[PDB]
Amino acid sequence: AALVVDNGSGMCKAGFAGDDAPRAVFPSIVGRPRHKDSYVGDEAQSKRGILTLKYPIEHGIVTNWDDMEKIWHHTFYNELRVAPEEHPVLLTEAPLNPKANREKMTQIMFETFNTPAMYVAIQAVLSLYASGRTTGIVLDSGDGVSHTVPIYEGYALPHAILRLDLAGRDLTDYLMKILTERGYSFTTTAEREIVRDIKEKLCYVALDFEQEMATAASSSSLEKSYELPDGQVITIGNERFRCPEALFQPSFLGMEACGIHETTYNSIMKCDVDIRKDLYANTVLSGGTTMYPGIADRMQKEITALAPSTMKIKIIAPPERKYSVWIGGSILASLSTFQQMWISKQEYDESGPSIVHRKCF
Amino acid sequence: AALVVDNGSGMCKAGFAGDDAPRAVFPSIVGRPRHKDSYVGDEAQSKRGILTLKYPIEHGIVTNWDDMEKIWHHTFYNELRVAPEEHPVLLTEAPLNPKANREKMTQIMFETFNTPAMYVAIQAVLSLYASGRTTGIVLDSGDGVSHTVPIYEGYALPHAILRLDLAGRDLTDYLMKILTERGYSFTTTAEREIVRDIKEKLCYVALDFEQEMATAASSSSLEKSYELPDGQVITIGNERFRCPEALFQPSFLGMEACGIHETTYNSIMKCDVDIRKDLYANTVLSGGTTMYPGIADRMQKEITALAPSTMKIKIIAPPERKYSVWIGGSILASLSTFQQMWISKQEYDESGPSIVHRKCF
Amino acid sequence: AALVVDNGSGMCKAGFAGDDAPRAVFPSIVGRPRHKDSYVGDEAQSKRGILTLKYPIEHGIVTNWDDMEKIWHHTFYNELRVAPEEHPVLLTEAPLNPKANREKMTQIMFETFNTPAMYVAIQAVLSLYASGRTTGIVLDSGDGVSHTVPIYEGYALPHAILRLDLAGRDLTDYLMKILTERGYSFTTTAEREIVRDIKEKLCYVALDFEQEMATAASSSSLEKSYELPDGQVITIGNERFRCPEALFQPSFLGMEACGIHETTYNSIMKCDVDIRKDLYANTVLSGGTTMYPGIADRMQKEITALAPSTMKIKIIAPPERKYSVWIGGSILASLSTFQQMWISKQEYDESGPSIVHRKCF
Amino acid sequence: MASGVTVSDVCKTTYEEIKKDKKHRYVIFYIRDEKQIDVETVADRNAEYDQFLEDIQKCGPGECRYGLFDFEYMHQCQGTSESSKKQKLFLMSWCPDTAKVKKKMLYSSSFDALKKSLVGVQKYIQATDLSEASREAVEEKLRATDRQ
Amino acid sequence: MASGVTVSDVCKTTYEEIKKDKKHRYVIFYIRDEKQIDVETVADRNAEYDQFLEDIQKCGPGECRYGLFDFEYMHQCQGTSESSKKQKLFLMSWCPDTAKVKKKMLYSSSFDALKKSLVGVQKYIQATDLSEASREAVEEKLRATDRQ
């Protein structure tokens, strides 16, 4: 079975082709003692009090290759417990990944991990295909970054790809801040995970933010309780929908950026007029940060308001969209006919790392 | 004369506008018998052996309004001995105070205490203005909490405000602990006040902590004596500078937080690049916990090390910074031209508690 | 065989590694004539009428090194009748022992007693390990002091260690007082030992103190008799359980402190949320003052009431807990593999007294 | 605090066979002659957790052991209808309350040596009775580390 | 221990006039007919402490009284160059050593009644001679409560 590795800014997802879900999901972080020489993933996270933590992927782009190799090492040997030299490997990449990074990735797989074959796939394209479409726009929002990626007949349109450096991690921080305003103080990293858990379980996107604020002021109907690990029960009110509102209004975080609905709209407008209709009618949500209840409806509403009146708007929110990228890769790599599509070690030895551009794009 | 009330987490400061210093300074605590129905301030503190003591303000935020009303009642009738219905009242608030709390405060002043007029001012902004500046960053450290508050042209920048739940009270506790290690045991609340007194009289911030530790190990030159109320003389050594070191190294208290120098730096970095230069050149210290000898120099040194090399660094430590917030309010409220700036009872009756946001911000 | 010396505030325990119990147990006191130049241990105690008695260890901390050397001299030459220069020596220390004291101890062993090797171990850690655990919280209550010591994976958590200057000696004094109220007068030191004996033989901890008081008032079923050395028989009633109640309610002694159950709880709460569950489920009792019948049940009850409802509570009261610290040291030091763990005289000569921090912690 | 007890090479080898090669499901360690941690029992890859509990206790109610287990459980990510199989290695210190103090001291003071020798273990579990070693108890501990 | 002596309403009224209204500086109380504490002397707001000492002793060297005073003094907060005016109410029990035992017993056993009736007094002062009632002595006691 081939190995499938989705390289996220904040989370690494890894498993075996053909599986319905990744086997391993862990933070993409490397920790080193402030005063093993290094810790990776959950282990690093559990020792965060004494470690300096770094992310080798920043907003979808690998910026630290030494640490990235450690992440992959940890993925293959510690999480999946396999020898990579025995398995073809499919890796995902973010949109707009530099060519040099792609080549470096290819080099490390063949030369450092000695994989027999490898393939690189764009995260947004996998997600789109997994939805049965070849033409549409993907709003991909993970832990570290959000992208709008227009795709036409299977080809991403680089000129029209937009990036918002706002995603799940930022929202967790934001929630921490506004909970503090309510009187709950979460100051430690461990506590941050608790807040993340609160966010993922209790937060939602309001259809009408102002109306929801009014409701929250006049009634306790929107309040939910959360039991902390120490047994204390806290009550969360309008923080539930204020937190993800930051996606639509980045100003909540002090960012001078357009929200995800406007960004999506702007991405479509950067495309040729003849394909815009298709993009409006095929907006696919992907990534963990798109799992908020109500987000699809809110997107539908907001895009309808921005688009020409005659335009059909369709937001697609697959249920499995948390792992859509990985699932797409898993299915693809499990096909017997896909075996011919791999970059082989032999091909790499003959053509060098630049072969990745010919075989995968 | 208007009344000025600075609402601190640990201390309440109150007096008359135009005065050079508050008339009353007392603990912001309410005590109730464990087995008058309640005691406030010094009285509560003097009976602490038989009372359960609570702070209605936690880290700058009012969390108990019933008790807060008692504090104010005690302020007006017991400490200042005035009828609040005859005096306009200026109240201070911490940065990031929730809107709801501001409104509640406004409601209580007009409806419970029947003040003819009131105004709310942000503590850090008052301190900055009192230094003749409208742009800078304030390190406000009181009894219960420390804040870094960047201010640009008179407006606090909420996204860049950072909080450290470490201040004077924590240091007093810490000093108690390390004195115990030396063989002095202070276990009672009364004794805690003694330790506070020791801290405020004898403690200082070392420019170089490691060097100072070495000096303390090799010589008794840094030792100071303190006469206890019972006549016993104790000797304090390296505890003198270890105690306030906790501000720069919160790990001394077991806290996973950045020290006040790093926090200040981090606050500046959260601001727009174009105003950072102004913030570096205008760092204002405010609050009782900033009264340690050497703290300004230490801050200067530490920020210089963190900031770009071309950056001018200026730490401002006004002599009156213990009460800078109150003094600023006192002066402001004493101006004849300020009379037009008050929220009047009439305005409150017409617009409700939300008027505070329009008139004071 | 190595020598094992447990340095208690009130009692010194000493013997040979591998033994099941200490060979010598004696008061840690030095006496000098008010008007041999000095007497130590039982000898000092037997001459207490004409001697001024001092404790060189106060609440677990050595405060008088001259006297401590006499105690050790007495331990090696008088009690164990061995030459320390021929034996490695394991010494125990209380939690939060100052580094300087540790170094001084190390210096005295190598330079004054010329031991070939030495090791220092923390009392609470030894006790925990002796129970087969590496993670838990130890309630260590000896003659002079009680500690709650959270330990995680073999490391004590200094920030969460709490001390109660109430233990066996205080209880003996208290019992003397309340027996006097019943009409029995014990005024001499010799008589105090009798009271200690009464306390250790007859006293117990009530599960429900109020109910037990009611029972004692309505029936003589709780009364026990004790024959004095002169043949007189005295009857002890509700003093039997009032005395150790002082551990749970220090107010019985006029102390403004939390009882041992609250102190334990408070210690746990000072720890990270992720380890609290382990601490609740692994509370180990250690020390002579924990030998009261019923104390484990009472602790179980009280902690259950304080802890979150979902929390599993387990109190561990080993039968040998009177000497758990010493036994742990005895076993450890008897292992052939432990020989590599000693600080050797050579290492000390090369590195000085600071070597103790590297080799033992 | 350390006993000075060493870890045999076979322990490291067996550990690699479980972690990397997935040749075995679990291994039980014991301290030989109070001097060295060694391998007592190695179970095949298809062995179940119940067998692990039986093996770790097989030498009597007062006997202490260490156990390494490659634990498999189903994990459902919030928001996804799909359960994925997770595998985590844990290392258990088994020191029953019925054990003698000497044995308890020996095993507790030697545990760190074993931990340091076996790099990559996800969770360390302390157990003194079955309530702490049960499948449910262990799984709960392992899940507590699951990145939401 | 209590004598059963009651406190007149006028005492409470006068107390409020001093504490809240700042109408008067101090008041001297006495026990009328051994039955009730009542107001003897009320001094204007501008009265000084020396006058208070004179008034409380005015009835003779063996006479006991109670005195309430709104005491003003300058307080310099550590670290601040600015002295602020502090005002604290104290209640003094004046029982000179020269007083007869009966009077001493009466006033000492009635003091608690007065304390309970006058809520908000910051400091209670016991004085048997001038060394205990002097401005310096009183100020020292009042400062001892000053939050550093």
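All Cβ positions, even for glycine, are placed from backbone atoms using ideal geometry, and neighbour counts span all protein chains on display. Here, each number is a calculation from the coordinates, and none is a lab measurement.
The magnitude of the dipole of chain E, with charges of +1 and -1 set on the Cβ of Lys/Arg and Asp/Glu and taken from the Cα centre, is near 460 debye. Measuring r between the beta carbons of A:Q340 and A:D20 and using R0 = 25 Å, the FRET efficiency lands at 0.55. Other residues within the sphere of radius under 12 Å centred on the Cβ of E:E17, judged by their own Cβ, net out at +4 (K and R +1, D and E -1). For the range D:46-75, the list of GluC sites (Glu not before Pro) that fall in a loop by DSSP and count at most 13 other C-beta atoms within 10 angstrom reads D:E48.
Here the chain A residue lying nearest the rotation axis onto B, judged by its C-beta and given with the distance in whole angstrom, is A:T187, 3. Put simply, the amide H of C:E58, placed in the peptide plane, has neighbours under 5 Å in C:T63, leaving out anything fewer than 5 places away on its chain.
The ranking of D:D33, B:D37 from fewest to most other beta carbons within 10 Å of each one's beta carbon is B:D37, D:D33. Relative to the Cα centre, the charge distribution of the protein assembly as shown, modelled as +1 at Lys and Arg Cβ and -1 at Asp and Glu Cβ, gives a dipole magnitude of about 200 debye.
Projecting each Cα onto the charge dipole of chain C (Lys/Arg +1, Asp/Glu -1 at the beta carbon, about the Cα centre), which of C:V89, C:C243, C:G49 comes out farthest on the positive side? Toward the positive end, the furthest listed residue is C:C243.
Where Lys and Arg each count +1 and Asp and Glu each count -1, what net charge lies around A:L175 among other residues with Cβ under 15 Å from its Cβ? Net charge around A:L175: 0. Taking amide H atoms as placed 1.01 Å from N in the peptide plane, the amide H of E:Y124 lies under 5 Å from those of E:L91, each 5 or more residues away in sequence or on another chain.
Sorted from nearest, the other copies put their D:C59 label points 9.1 nm away, the label point being 7 Å from Cα in the direction of Cβ. Averaging Cα coordinates gives a centre for the range A:116-154 and one for the range C:1-70; these two points are 77 Å apart.
For the range C:28-35, backbone phi angles converted through the Karplus equation (6.51, -1.76, 1.60; θ = phi - 60°) give residue-by-residue couplings of 7, 9, 10, x, 10, x, 6, 10 Hz, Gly and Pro being listed as x.
Exposure proxy shown here: for B:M11, C:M291, the number of other Cβ atoms within 10 Å sets the order, fewest to most, as C:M291, B:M11. Placing a label point 7 Å from the Cα of E:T98 along the Cα-to-Cβ line, the residues of the range E:116-133 whose backbone N sits under 12 Å from it are E:129-130. Among the trypsin sites (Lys or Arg not before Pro) within the range A:300-345, those in coil by DSSP and having at most 15 neighbouring Cβ atoms inside 10 Å are A:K312, A:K314.
Let me know the shape class of the range A:228-361, please: from the alpha-carbon gyration tensor, a ≥ b ≥ c as square roots of the eigenvalues, rounded when a/c is under 1.5, otherwise prolate if a/b is greater than b/c, or oblate. Verdict is oblate for the range A:228-361. For the range A:277-361, the dipole from Cβ point charges (+1 on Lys and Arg, -1 on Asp and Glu) about the Cα centre works out to 320 debye, to the nearest 20. Inter-part distance, the range E:55-85 to the range B:257-336, computed on C-alpha centroids, equals 40 Å. Going from the residue with the fewest nearby Cβ atoms within 10 Å to the one with the most, C:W342, A:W65 rank A:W65, C:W342. Looking at the protein assembly as shown, the DSSP beta bridges with both ends there are about 75 percent antiparallel. In units of the compact-protein estimate 2.2 N^0.38 Å, chain C shows a Cα radius of gyration of 1.02.
Extending 7 Å from the Cα toward the beta-carbon at both B:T134 and A:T135 defines two label points whose distance is 5.7 nm. Anisotropy class assigned to the protein assembly as shown is oblate, per the alpha carbon gyration tensor with a/c at or over the 1.5 cut-off and a/b no larger than b/c. Averaging Cα coordinates gives a centre for the range C:78-113 and one for the range E:1-26; these two points are 67 Å apart.
Put a label point 7 Å from Cα along the Cβ direction on E:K23, then list its distances to the equivalent points in the other copies in nm, shortest first. Going from nearest to farthest copy, the values are 10.0 nm. To make sure I understand the rule: partners must be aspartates and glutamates, Cα under 14 Å from the Cα of D:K12, and not fewer than 8 residues away in the same chain. Which ones qualify? Cα-Cα hits under 14 Å: D:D21, D:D38, D:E40. Within a straight-line Cα-Cα reach of under 13 Å, A:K314 can be paired with the following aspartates and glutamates, leaving aside sequence neighbours fewer than 8 residues apart in one chain: A:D278, A:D297, A:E302.
Inter-copy label distances for C:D20: 6.0, 8.0 nm (label point placed 7 Å from Cα along Cα→Cβ; shortest first).
Placing a pseudo-label 7 Å from each Cα along the Cα-to-Cβ vector at E:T128 and E:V10 gives an inter-label distance of 3.1 nm. Ratio of Rg to Rh for the range B:1-61: 1.06 [Cα atoms; Kirkwood radius as inverse mean 1/r over pairs].
With a/c under 1.5 counting as rounded, go ahead and sort chain E into rounded, prolate or oblate using the C-alpha gyration tensor (a ≥ b ≥ c being the square roots of the eigenvalues; past the cut-off, prolate if a/b is larger than b/c, else oblate). Since a/c reaches 1.5 and a/b is larger than b/c, the shape of chain E is classed as prolate. Dipole of chain E computed with +1 at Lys/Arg Cβ and -1 at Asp/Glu Cβ about the Cα centre; of E:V119, E:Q36, E:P61, farthest Cα towards the positive end is E:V119. With the simple spin-label model, which puts each label point 7 Å out from Cα in the Cβ direction, the A:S38 to E:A137 separation comes to 7.7 nm.
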